[PDB]
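Per chain, numbering begins at 1; letters A, B, ... match sequence-line order.
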Amino acid sequence: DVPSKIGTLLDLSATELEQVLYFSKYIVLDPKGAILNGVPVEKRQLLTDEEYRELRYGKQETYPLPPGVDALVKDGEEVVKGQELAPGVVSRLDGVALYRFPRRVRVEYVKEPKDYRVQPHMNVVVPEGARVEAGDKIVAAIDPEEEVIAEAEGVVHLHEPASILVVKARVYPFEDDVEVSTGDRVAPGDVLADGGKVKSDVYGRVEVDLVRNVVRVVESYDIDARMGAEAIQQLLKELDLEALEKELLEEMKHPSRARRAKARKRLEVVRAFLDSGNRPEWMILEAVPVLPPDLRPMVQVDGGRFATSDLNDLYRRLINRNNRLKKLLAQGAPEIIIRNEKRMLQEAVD
Amino acid sequence: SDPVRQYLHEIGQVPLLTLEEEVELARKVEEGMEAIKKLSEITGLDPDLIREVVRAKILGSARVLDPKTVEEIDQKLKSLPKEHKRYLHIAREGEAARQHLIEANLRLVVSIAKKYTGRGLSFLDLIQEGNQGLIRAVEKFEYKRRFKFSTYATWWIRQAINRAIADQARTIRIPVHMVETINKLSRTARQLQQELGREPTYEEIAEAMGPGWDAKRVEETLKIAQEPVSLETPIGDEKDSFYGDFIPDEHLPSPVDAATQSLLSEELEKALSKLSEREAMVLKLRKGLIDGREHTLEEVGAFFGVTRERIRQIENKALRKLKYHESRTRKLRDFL
DNA sequence: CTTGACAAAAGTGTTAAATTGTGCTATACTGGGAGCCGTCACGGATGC
DNA sequence: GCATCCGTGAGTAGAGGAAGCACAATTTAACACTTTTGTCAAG
């Protein structure tokens, strides 16, 4: 209803309100010391989907190598933007390079460069440049008939990766048990492993590699940005109507006619809420009332056929979507599926 | 504006997995499930409880059991020595792999769901019901058999969509087995119609359905399968007339019926005045005029302190006096 | 008004049979489909 | 000064108008039997 009462209180445009309410953009509620493009992130700032993931998860990209060709970059080597990883493709960002699926494993025995072919159903269990004693597994397999084991002691070399993953992170070698696990978030100075010997130097998400026995901290922030009516309800609950009224009264003295006209329209909505006693956050529904059944009847006509009102079908749609969302939340569904359900629930209420 | 296009744009940001990528994630999920079971055995906790704690950490703080006990239990898992801490790491990586495997197969459900439109559910409702089948397939998938994921997941995605149609597409819900009978009955009549060159009778339909079917059972099933009609459906060209304007209400009594009820009560009270004090009072208790409900001969006896059989003769005597007066006045026959 | 009756109408387990609710299926399959101009004309309110 | 969005347009009457299957849970019906409740005859 033009102009929107929620938009007037929160100082949000009509198009900005639709993007948040219907899950198209995020809004920042707690920046948590995040910097975007060299500019720190402030509250009430609208983020796109690409911007949010970059801040929350970090940068990485996978480059698929053509079959047969071999990478010019060793595993675990820091690279730069524009540096060519393969003879045909180049890296578009700077970070650590990792092997994804080495198709051939070459071991230098001590007595001898034997070559082993690795199938998609086989996974290598030892890291590159690892001194592997006789009898230790080198490549694992589903069926032990095709499994490859170590004939003699030597150094294992990896070659022909399926693709190269470049991720902006920090690598911390360790020897003892780690203090954190995959999916945790750390701050500079936090202990990582070896009883304080290794400590993180940057915010980020930590994943623990057991094959390479190293700790990686993918550079990201614990930023608090949310979508939907749950984010709008958070902002409306934190409003101080008394403090907003005093600010608007000061803007009422501006020489410009336009400034005084805009401050008066915001003040009129604020004054109505202060005098009536209503709360601004009551404009977001938590419980939906249901009409009595006799005003939306289901009656049997004289011939035996049934007649029903349209309100019954509109209630049934909302209940079905509300129940499905509960089951999806209890199953730990990914955020893409959850966001779709929430967008359908808002439209059902509308 | 278009919710369908927004969803298709979002699922297009997750690239399709390769054969090597598909196998590695499935192995990680299978190993992650195995590591959780061992931890519950070692720690003496409920396996369903440990999985929730591990799942909560992976999903982060952006998800609304209280978190005061989640972090405390996490310390218990991390307080184990190195020999037992490996199972914790394997469990964490498995749940992350499970999330990636689900998101990479969201195009498969879309291609299946487009073949079920026009059957009582919207396209976005079919997609969300098919997403639940995809989640179940990840749990039960086995990568040792060397079959691809889409071979097995297609069974589970179709089942969820088909079951959701049979449970939500009708205002008056019909059980799953009865829905299948209605669908089979419609297929049979369509086949006979193109063979006979005309609409079949109920006797032809019953014979083709098989044993246990006669024309009466065919007619009853067709009567069950009728959908209610809307009260707001218009009739005519101009939009000022609707179905609901021609349906009378027959629950509330009419003004005529309300008045004859009170006229009868007033005449019945004047007749009872000719009786004695107890003869009338016993009659009212037995017939249920005071409390609204009748009382047993014994119940009336307990009210006055008298036996059961005494009530029968005194109640019968009052009736004889009423019949005698009634024949002399004819003020009570019209109400009958 | 109180006893002995007397069958009857109603109440109470017990159990077999209809009826209903639910899980499962292993070749491989991975971004929708209908629209489609005598598009109604004019005033008011908002945002640039 | 102008582009974009949104709500408004007389009354009464009529008269037609596309999956299976296996199996576990649950509900219902049938059937006896026990108990309660009127009638009848006294008295």
Side-chain angles (χ1 to χ4, degrees), chain A residues 60 62 65 71 73-78 95-108 116-142 147-150 153-167 169-184 192-194 198 205-218, chain B residues 18 20-32 34-35 58 82-98 100 143:
Chain A
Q60 67 192 272
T62 293
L65 264 69
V73 181
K74 309 309 191 60
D75 191 75
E77 270 198 353
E78 274 84 356
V96 193
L98 299 179
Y99 286 166
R100 287 304 294 126
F101 300 108
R103 296 183 188 273
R104 179 171 59 78
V105 49
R106 190 173 195 115
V107 55
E108 309 300 296
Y116 306 123
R117 183 58 61 194
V118 188
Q119 293 177 335
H121 293 96
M122 280 194 289
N123 57 298
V124 184
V125 296
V126 285
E128 185 178 3
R131 281 180 181 176
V132 172
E133 201 257 327
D136 294 326
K137 292 184 184 174
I138 293 184
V139 177
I142 290 170
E147 170 185 303
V148 168
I149 51 184
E153 203 201 304
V155 277
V156 173
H157 294 350
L158 273 64
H159 290 107
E160 295 192 62
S163 59
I164 287 281
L165 163 77
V166 175
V167 53
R170 303 293 179 89
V171 172
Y172 298 95
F174 70 89
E175 294 176 350
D176 297 330
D177 54 78
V178 287
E179 291 294 325
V180 289
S181 199
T182 315
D184 287 72
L192 284 197
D194 296 296
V198 168
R205 206 173 212 245
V206 47
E207 62 188 24
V208 179
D209 199 352
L210 285 184
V211 175
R212 302 172 177 115
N213 59 48
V214 287
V215 165
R216 283 198 298 281
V217 186
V218 183
Chain B
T18 73
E20 297 169 351
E21 294 168 349
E22 171 173 315
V23 172
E24 159 201 294
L25 288 189
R27 170 172 46 84
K28 290 180 171 299
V29 174
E30 196 153 343
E31 290 179 355
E34 198 272 327
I58 290 303
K82 163 177 303 181
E83 294 179 351
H84 294 79
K85 283 202 61 163
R86 180 177 181 180
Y87 293 116
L88 175 62
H89 302 324
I90 295 169
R92 293 284 194 90
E93 306 169 348
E95 199 77 12
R98 164 181 180 271
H100 187 203
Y143 82 104

Next on the checklist: If you apply the rule side-chain contact (heavy atoms from CB on, under 4.5 Å), what do you find for B:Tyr143 with A:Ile142, and how did you get there?
Outcome noted: CA-CA 9 Å; B:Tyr143 82 104; A:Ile142 290 170; 4.1 Å; yes
Can you check whether [X] reaches [Y] side chain to side chain, under 4.5 Å on heavy atoms?
{"X": "A:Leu165", "Y": "A:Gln60", "answer": "yes"}
{"X": "A:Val155", "Y": "A:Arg131", "answer": "yes"}
{"X": "A:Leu192", "Y": "A:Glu179", "answer": "no"}
{"X": "B:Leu25", "Y": "B:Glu21", "answer": "no"}
{"X": "B:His89", "Y": "A:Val178", "answer": "yes"}
{"X": "A:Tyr116", "Y": "A:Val139", "answer": "no"}
{"X": "A:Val126", "Y": "A:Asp136", "answer": "no"}

Checklist entry - Are any side-chain N or O atoms of A:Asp194 and backbone N or O atoms of A:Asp176, one a donor and one an acceptor, separated by less than 3.5 Å? => result yes
Item to check | For A:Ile164, the option from A:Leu65, A:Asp75, A:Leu98, A:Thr62 that meets side chain to side chain contact (heavy atoms under 4.5 Å, CB included) | outcome: A:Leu65
In this structure, are over 12 heavy atoms from other groups packed under 6.0 Å from [X] atom [atom1]?
{"X": "A:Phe101", "atom1": "CZ", "answer": "yes"}
{"X": "A:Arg117", "atom1": "CZ", "answer": "yes"}
{"X": "A:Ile149", "atom1": "CD1", "answer": "no"}

Checklist entry - In Å, rounded to the nearest 0.5 Å, how long is the span from CG of A:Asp177 to NE2 of B:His84? => result 13.5 Å
Item to check | Atom pair CD/CD of A:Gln119 and B:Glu20 - distance to nearest 0.5 Å | outcome: 10.5 Å
How far apart are the closest heavy atoms of [X] and [Y], and which atoms are they?
{"X": "B:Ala35", "Y": "B:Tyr87", "result": "CB-O, 3.7 Å"}
{"X": "A:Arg212", "Y": "A:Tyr99", "result": "NH2-O, 3.4 Å"}
{"X": "A:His157", "Y": "A:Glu128", "result": "CA-CG, 4.4 Å"}
{"X": "A:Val180", "Y": "A:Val208", "result": "O-CG2, 3.7 Å"}
{"X": "B:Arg92", "Y": "B:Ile58", "result": "O-CD1, 3.5 Å"}
{"X": "A:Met122", "Y": "A:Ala141", "result": "CG-CB, 3.6 Å"}

Checklist entry - Any salt bridge between B:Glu95 and B:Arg98, counting N to O under 4.0 Å? => result yes
Next on the checklist: Under the criterion side-chain contact (heavy atoms from CB on, under 4.5 Å), I'd like the reasoning laid out for A:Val132 against A:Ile138: C-alpha separation, chi angles, the key distance, then a yes or no.
Outcome noted: CA-CA 8 Å; A:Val132 172; A:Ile138 293 184; 4.1 Å; yes
Checklist entry - Pick one: which of A:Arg104, A:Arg106, A:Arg103 meets side-chain hydrogen bond (donor to acceptor under 3.5 Å, both in side chains) with A:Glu160? => result A:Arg104
